[PDB]
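Quick notes on the structure that follows.
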Amino acid sequence: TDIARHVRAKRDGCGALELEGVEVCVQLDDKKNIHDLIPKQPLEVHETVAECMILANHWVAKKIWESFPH
RNA sequence: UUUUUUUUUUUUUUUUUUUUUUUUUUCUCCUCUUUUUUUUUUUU
Numbered sequence: 633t634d635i636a637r638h639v640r641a642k643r644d645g646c647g648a649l650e651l652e653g654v655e656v657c658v659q660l661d662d663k664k665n666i667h668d669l670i671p672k673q674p675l676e677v678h679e680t681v682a683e684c685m686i687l688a689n690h691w692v693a694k695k696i697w698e699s700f701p702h
């Protein structure tokens with residue numbers, strides 16, 4: 633939690649653009665038919681893991697660019 | 001006290017052959033309406 637919160641702190645001191653999408657989820661029972669629909673949401677932990685893997689993939693790409701130029 | 005005679009079931013067998021699924025019609029034809037076309041992002 634702390635690590636993610638403050639990787640966020642830094643890379644927003646840089647300043648990202650965090651926006652959203654109009655996404656909805658669907659539950660399907662035994663009969664395979666619509667019990668209900670439910671709007672889904674972005675959760676704190678989604679943001680955490682999103683930034684952890686952003687930084688990860690970022691260092692990955694750095695390594696692999698400086699390692700193989702063209 | 002009533003003798004004698006009036007044929008019967010066609011003859012024949014020791015002939016060659018080098019093709020081939022099907023088969024043969026039917027004309028030109030007014031697709032109705034918020035749009036450029038949205039787009040990063042993350043959790044599968």
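Residues in the first sequence are numbered consecutively from 633, following the entry's author numbering.
Think of the CB as a built atom: it goes at the ideal place given N, C-alpha and C, for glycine as much as any other residue.
Assign residue i to one of three DSSP states: helix, strand, or coil.
{"i": "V681", "result": "helix"}
{"i": "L651", "result": "coil"}
{"i": "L669", "result": "strand"}
{"i": "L675", "result": "coil"}
{"i": "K695", "result": "helix"}
Which word fits residue i, buried or exposed, when buried means at least 16 other C-beta atoms lie within 10 angstroms of its C-beta?
{"i": "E683", "result": "buried"}
By the DSSP assignment, the beta strand (DSSP E) with residue i in it spans what residues?
{"i": "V658", "result": "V656 to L660"}
{"i": "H702", "result": "Per DSSP, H702 belongs to no beta strand (DSSP E) and is neither H nor E."}
Kindly indicate the opening and closing residues of the alpha helix (DSSP H) around residue i.
{"i": "residue 626", "result": "This structure leaves residue 626 out entirely; the chain is present only between 633 and 702."}
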